[PDB]
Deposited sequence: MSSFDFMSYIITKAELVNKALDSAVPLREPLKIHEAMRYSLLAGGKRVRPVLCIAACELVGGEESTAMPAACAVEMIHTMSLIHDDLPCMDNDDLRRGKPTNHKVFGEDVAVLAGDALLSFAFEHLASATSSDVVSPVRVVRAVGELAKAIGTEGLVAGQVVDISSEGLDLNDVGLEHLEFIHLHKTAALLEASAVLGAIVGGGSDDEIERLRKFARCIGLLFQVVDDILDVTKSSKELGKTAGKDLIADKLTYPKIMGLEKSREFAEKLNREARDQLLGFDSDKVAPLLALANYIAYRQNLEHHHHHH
């Protein structure tokens, strides 16, 4: 009776409403319309949905986890805004409509990215209710989100993505993609009341579906600046890439043995969806 598609839609639209209430437009406007433009451009919202999922699985409520979920989608948005800039990437179109700096300028773009990054923390720290989550856990959460974006996560992956073999590729993907996914699963588990063991199993899970996205997207492109030429089928061959993708989907499904029964359904569905898209 479980519908993955119905799940993903109600969760995403719930998240979108939260993002709208969290960054209203006011005060100095150009900056807020700049933030809102990129932040409320919709999306699959996979990172916040994964964070709400991880919270529900360990027993927390959908609402406890909302500000954490908003925080990781703000980090995600900021990483894209600073990507599209001319010094890097230099793309004028994202999802059809033009990029943030092509509408407001590279100046307001850099600044809007910084504002989203800092508001992420302000929101995770202030809006997480003091009546459900102990300060200890909010502190641990902040530390994890920050670790995830810095030089052991998102930023390390972006720098290296500019300048030969397998661990170079895996490096870029563990930091650019998997680090913030890990942060999403782990934050959900933390503020949702999860135990240390549960938090480590959700970290491993997120790391696995984070690589899986990438191996599968590289396989799909041949079956129809550095991470474009360098693909898993080029390095491993196509068969070894497919075996790799099923080792990863397996390990992801096995981290979820041990949670019981009910709230594993969405995460299992997510894993299979990423694994077997066509």
Spell out the unmodelled ranges of the deposited sequence for me, N- to C-terminal, numbering from the first residue. 1-2, 166-173, 235-246, 301-309
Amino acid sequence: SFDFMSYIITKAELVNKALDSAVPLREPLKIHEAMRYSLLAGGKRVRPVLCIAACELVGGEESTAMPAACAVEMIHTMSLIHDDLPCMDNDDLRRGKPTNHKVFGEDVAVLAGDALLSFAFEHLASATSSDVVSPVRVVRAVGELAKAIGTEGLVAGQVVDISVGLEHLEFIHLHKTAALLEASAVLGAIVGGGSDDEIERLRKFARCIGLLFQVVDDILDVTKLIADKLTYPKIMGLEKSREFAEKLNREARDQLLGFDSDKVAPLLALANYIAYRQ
From here on, numbers count along this sequence of modelled residues.
The stretch whose C-alpha atoms carry the larger average B-factor in the entry, 107-115 or 142-150, is 107-115
Going by the entry, of stretches 232-240 and 65-73 the one with greater average Cα B-factor is 232-240
Just the C-alpha B-factor column, please: which of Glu182, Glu122, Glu200, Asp84 has the biggest number? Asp84
Residue with highest C-alpha B-factor in the PDB entry, from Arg36, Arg250, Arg47, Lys30: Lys30
Per the entry's values, where does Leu169 land by CA temperature factor relative to the rest of its chain, in the lowest, middle or highest third? middle
Quick check for you: using the entry's CA B-factors within this chain, is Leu40 in the lowest, middle or highest third? middle
Based on the deposited C-alpha B factors for this chain, I'd like to know if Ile162 is in the lowest, middle or highest third. highest
What third of the chain does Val133 rank in for C-alpha temperature factor, lowest, middle or highest? middle
In terms of its chain's C-alpha B-factors, the third that includes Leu220 is the middle
